[PDB]
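So this first bit is one chain, no partners, the form deposited in one PDB entry, shown in structure tokens.
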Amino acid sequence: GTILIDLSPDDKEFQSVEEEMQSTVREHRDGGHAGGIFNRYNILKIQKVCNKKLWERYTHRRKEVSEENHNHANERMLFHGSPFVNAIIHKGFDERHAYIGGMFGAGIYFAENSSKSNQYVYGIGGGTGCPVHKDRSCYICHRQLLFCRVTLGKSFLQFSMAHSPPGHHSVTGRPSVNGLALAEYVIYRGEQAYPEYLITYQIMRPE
């Protein structure tokens, strides 16, 4: 049931999605080991992901969360990187997209920094890098991220599939050492995210 609509680079929506991609690149403590060395991306395509069943699954859970949290879904747009982008856009998020070994337990992880999600496109820790050249810093091969609508509801704040902490709908990983890092977020039900944009890109070699 999924269809992908290409956005024009002239479309304000393409432009606002690209700006969130580009403006949330940071340097990483691994010096580029997992995700490569880059300060910016070459955006090749941005597609809107349209699936009625999946959307209605999302908005149903969103209303449940909202009614449990004084009519506040606490909805964010966040990045997700994974080698299973194609399963996600067609069948939705579920337990098979959980990061079992993540620092907040087995849940589905999202990032405010696009460059954080970029580290997971080829696997945990970047895996063995691109399938073609086995390079985690490949500047040639096309990568994909999701920019997703995520319902956080009442989020458990951690300074730093399973269930959410009692009385909470998600976990927030607040950075407490690296002053430049943005937050990461974990949900424990696939229905609390909808994969709204598929972004196809390359990382760009710094000059």
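So that the term is clear: the rigid core is the largest set of C-alpha atoms that superpose within 1.5 Å between two forms. Throughout, we count residues from 1 along the sequence that is shown.
Omission of residue 51 is seen in none of the other entries compared for this protein where the adjacent residues are built, far below a third.
In the record comparison, residue 158 is modelled in each of the other entries of this protein that model the residues flanking it, with no third of them omitting it. Gap check for residue 160 to residue 161: 1 to 3 deposited residues are absent from the model. Stretch comparison (122-130 versus 69-77) by mean CA B-factor in the PDB entry places 122-130 on top. Higher average CA B factor: 47-55, of the stretches 143-151 and 47-55. When the modelled residues of the chain are ordered by C-alpha B-factor, residue 88 sits in the middle third.
Compared with the other modelled residues of the chain, the Cα B-factor recorded for residue 37 ranks in the middle third. Looking at the C-alpha B-factors along this chain, the one for residue 8 belongs to the highest third.
For residue 174, the recorded CA B-factor ranks within the highest third of the chain. Only modelled residues enter the ranking. In this PDB entry, the Cα temperature factor of residue 182 sits in the bottom third of its chain's modelled residues, the lowest group.
What follows is about the form deposited in another entry, which we do not show.
In the core-aligned comparison between the shown form and the other one, the C-alpha of 181 is the only one from 37, 43, 141, 181 that shifts by 2 Å or more. The Cα position of residue 90 differs by less than 2 Å between the shown form and the other one after fitting on the rigid core. Relative to this form, the distance between the C-alpha atoms of residue 97 and residue 41 is increased by at least 3 angstroms in the other entry. In the other entry, the Cα atoms of residue 180 and residue 185 sit 3 Å or more nearer to each other than they do here.
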